[PDB]
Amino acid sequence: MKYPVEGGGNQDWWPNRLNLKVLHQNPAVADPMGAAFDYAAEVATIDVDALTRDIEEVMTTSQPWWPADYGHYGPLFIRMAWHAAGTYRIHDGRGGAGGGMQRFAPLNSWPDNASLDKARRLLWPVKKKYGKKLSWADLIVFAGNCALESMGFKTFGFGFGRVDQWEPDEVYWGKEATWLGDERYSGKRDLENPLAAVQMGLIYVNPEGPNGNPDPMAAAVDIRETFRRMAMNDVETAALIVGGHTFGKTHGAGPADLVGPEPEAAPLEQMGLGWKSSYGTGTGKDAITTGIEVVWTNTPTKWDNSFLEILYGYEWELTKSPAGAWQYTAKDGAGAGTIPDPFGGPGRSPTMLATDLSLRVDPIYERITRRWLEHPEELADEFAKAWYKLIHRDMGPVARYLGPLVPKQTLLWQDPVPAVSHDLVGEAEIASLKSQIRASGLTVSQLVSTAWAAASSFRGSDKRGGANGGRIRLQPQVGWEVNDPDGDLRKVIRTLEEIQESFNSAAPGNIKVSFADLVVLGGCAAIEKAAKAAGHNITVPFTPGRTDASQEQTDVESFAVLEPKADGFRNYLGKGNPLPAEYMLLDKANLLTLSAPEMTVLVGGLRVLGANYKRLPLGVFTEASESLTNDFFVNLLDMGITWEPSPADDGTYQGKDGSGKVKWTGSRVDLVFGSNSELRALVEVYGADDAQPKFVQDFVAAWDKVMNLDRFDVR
């Protein structure tokens, strides 16, 4: 239908096709910074106090195009930072403040991010001054932290180092083609995975209650669950909501139909700004943001215990803002004129949202907030800890936290590992340990499967998971179905520990090795052994420095989201995946941050290496096992094989030769590489006659890339 410059593509002719562009997000060519750029280096040199001072100058310097409530943009900036982090979800670890995504589509034009577009525009003079040394990602969330401290709250600390990106993160936010649409519930109130919001374009919940019904008791069930799915428990949730509504006010001064198009749909001349309003001045006094007109506290620019003193201090009755939105006001005209107007007007009466009353009406939130009514210091403590978690949740290993405000305290949710407490294995020790692992009885399959089990639990979205920690032998990973607990895993683990014990006893100097490194090295040792069986002498690069975590450093509930329901690299398909196998493979490869070439060598390599879940013959197109050849590619391209969906319809295929006899069996994941015109192209590369040396080179680079995915401790 359309020009490519305007969006036309192959997806238009075949709507449901495999979209391989998820394997080339943020390509170097789109990046203006050049290959040598390293943000971490830059921001480590930034003057934090100059930055803070300049932010605090922006916060108190009102701008005519969006005048500042109470002469302070602070509350506006805490909501910005809360919304930027607030998109995070646990199921896949996507969203979050990590990549500065609120500045792009569709997040920059979510209905719930209305007036954040001006909010980030106000911070331009800060970015202007600090340039390369300060990512918008870092600035957006830091501005909120500064807002907090500016207005009287001592934050627990802050980590710099979020890398700014240049095109939007393609995230599934839901199936609704309508803003604020809700097609995400089944059963009683079961919310569709991976989502962590109640409707499309909202951060968590409806400010007017479930589906717009201002029932605080019901709303609490939505707050409990969305926040759960953003890694927040009851105490953190409560802490955050009260902590947050302690500052600022909502905006709904006129009718919402008087508000223009969201930033993405808006006129060129609006310069990236959206929701331009025709009500009065359309800003400041006359500002419509949500359509709700609430000022929770008498001190909207100061941290105190006023929020709870009000919530519990008055009785609440349902009412309508000047835009027709549900909210609560204090009964019997009580508190008449106690709350101040943003722009000097007369005082107002106490107001709360339906969701604020959830904190008072829900049994659990009741016990928590009535406690902080009487003991306000516990609230600061819990908000401090929660806010730090909020804006850092998706920054992964603490190695990534940069700057003078990063505190020393280790947090369980950071999935911490011990510091390196001995000398690391040098070249001679690695070569020693490789030989030992090869002499241990463990097979190529066992070592490669265990190594892959451990490293491929990493996801690039929130940077959780991976081989570091040696968590493969801890719960839950030790009992994951894909890691095949009742399988060989425990034989492999016990063997690697004995070698760990052996080496660490006989070891020279003060060199000691971790189990975590040995798992990975066993993989590297096995890939060398296989390469030689195939007539190649290569060594597989290993990078030491993994440490072993204890069960107590490993939150079992938090690691549950990291369990694969599918792994196409092991020909594993569990139940409950949203899409057919091959779409789950691209997603798994996207999570491991792999290119299409890198995904392709790994599948083919791993199949002939025997990495398949339960050692199934699906996609093992080779006569020689324990041998790193390109056989998978050669055979998938063989036209002597006729492929047919299996008689016992089980998601598998039969490859029959000329005689009629089955030679090969395949999964959908296996066949997709002969079927997808773009994957076949990659298969014709590594399936050529000159191709086997290149296949081994590229497999090893890929495998190494995966083993090192969580290694921010050495980058």
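We number the residues from 1 along the sequence you see.
Undergrad: Check the entry's C-alpha temperature factors for 517 to 525 and 640 to 648, then say which stretch has the higher mean.
TA: The recorded data point to 640 to 648.
Undergrad: So 478 to 486 or 587 to 595, which one's hotter by mean CA B-factor in the entry?
TA: It is 478 to 486 that shows the higher mean C-alpha B-factor.
Undergrad: Please work out which residue in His392, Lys249, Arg400, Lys408 has the highest C-alpha B-factor recorded for this crystal structure.
TA: Largest recorded C-alpha B-factor: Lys408.
Undergrad: Looking at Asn635, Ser449, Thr543, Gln553, which has the biggest Cα B factor in the entry?
TA: Of the candidates given, the C-alpha B-factor peaks at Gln553.
Undergrad: In terms of the CA temperature factor given in the entry, to which third of its chain does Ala428 belong: lowest, middle or highest?
TA: Highest third of the chain for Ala428's C-alpha B-factor.
Undergrad: Give the position of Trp413 by CA B-factor within its chain, expressed as the lowest, middle or highest third.
TA: Highest third - that is where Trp413 ends up once the chain's C-alpha B-factors are sorted.
Undergrad: Per the entry's values, where does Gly666 land by CA temperature factor relative to the rest of its chain, in the lowest, middle or highest third?
TA: Middle third.
Undergrad: Please say which third, lowest, middle or highest, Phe673 falls into when its CA temperature factor is compared across its chain.
TA: Answer is lowest: the recorded C-alpha B-factor places it there.
Undergrad: Based on the entry's values, in what third of the chain does the Cα temperature factor of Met33 lie: lowest, middle or highest?
TA: Tercile = middle for this residue's CA B-factor.
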